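Form deposited in one PDB entry, single chain, as structure tokens, below.
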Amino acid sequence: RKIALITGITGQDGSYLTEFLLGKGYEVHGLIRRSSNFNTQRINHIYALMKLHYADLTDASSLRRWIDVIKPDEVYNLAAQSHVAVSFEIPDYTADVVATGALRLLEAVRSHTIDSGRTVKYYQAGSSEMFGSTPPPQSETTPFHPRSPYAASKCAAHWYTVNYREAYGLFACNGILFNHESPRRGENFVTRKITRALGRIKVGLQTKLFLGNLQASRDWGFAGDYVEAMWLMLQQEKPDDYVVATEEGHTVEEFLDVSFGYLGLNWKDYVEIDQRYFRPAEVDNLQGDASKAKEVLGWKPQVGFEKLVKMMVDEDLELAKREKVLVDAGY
């Protein structure tokens, strides 16, 4: 049975990748951070085929320890302080996890393979955020012009990963994934923030939705579809980097149009602009060119924009309906 080690297993992507790999017959191990509260909300339903271990990307010893014990065949580095706005607040921590943390994992894997003689395939969770202000459409070779500490740190991780492949022959691939959402997306990201609020507004638990820049345009796909691409990259004869995206861009305003309209509401009756949600340096327009992924990996997105928006609205409306009962039942 193939063994996969996933860092960031508790996150959106880790939860879907875990289900995907288990379905493929893998033995899946994940590294999780010790937390004072429950932090396995996304994978509790899955939880001898899935094992969790305490570690941290800022602790190199912890990474090597588990790689040695697990002896994984594939390593997926999904761990990250993944929020752009938050990265402006904690740039140093973000860099240590997103940039240096990736290098620590790469070095631990490289050290493991040398000492044990084993072979390990590696995936780095790259991001379209790396392109920053470089105009669309963005492909694998489009120049990076990062606009946040998070983005710059991902650029660093990208190059550390390319370097380990070129210098050591490590089978390391960089997935340059554009924004991907789902009903498990963090509530601090704009899409989930909108659908969560919409659900609550629909049932009467909320009356206002505060947002920032509605004109930012993004290429939004479904996380469930994207994790398949990660796996596909590691199944090729040679390692390489690939853009994974829907190739269709939409503004936050369009997301609002589709979501609220879907439930028969006019978002303008509820949305208010709060300048505190603006970023110090904005990324105006991301739209990927995923031609390479289609040609080489045979990968294509299955969930389209409106389908994704509506999937998220349906799920968050159900959550809001449950909350309405509780708030009402005296809970």
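The numbering used is simple: start at 1 and walk along the sequence shown. Rigid core (definition): largest C-alpha set, two forms, superposition within 1.5 Å.
The next section is about a form of this same protein that is not shown, the form deposited in another entry.
Inset, instruction - Superpose on the rigid core, then report which one of 253, 140, 107, 73 has a CA displacement of at least 2 angstroms between the shown form and the other one. - result: Of all the options, the C-alpha that shifts by at least 2 Å belongs to 253.
Legend entry - After fitting the core, residue 268 CA displacement of 2 Å or more between the shown form and the other one: Residue 268 C-alpha, core-superposed: shift of 2 Å or more.
Legend entry - Yes/no, residue 97 Cα shift of 2 Å or more between the shown form and the other one with rigid core fixed: Stays below the 2 Å threshold, so no.
Legend entry - Core-aligned CA displacement of residue 202 at least 2 Å between the shown form and the other one: It does shift by 2 Å or more.
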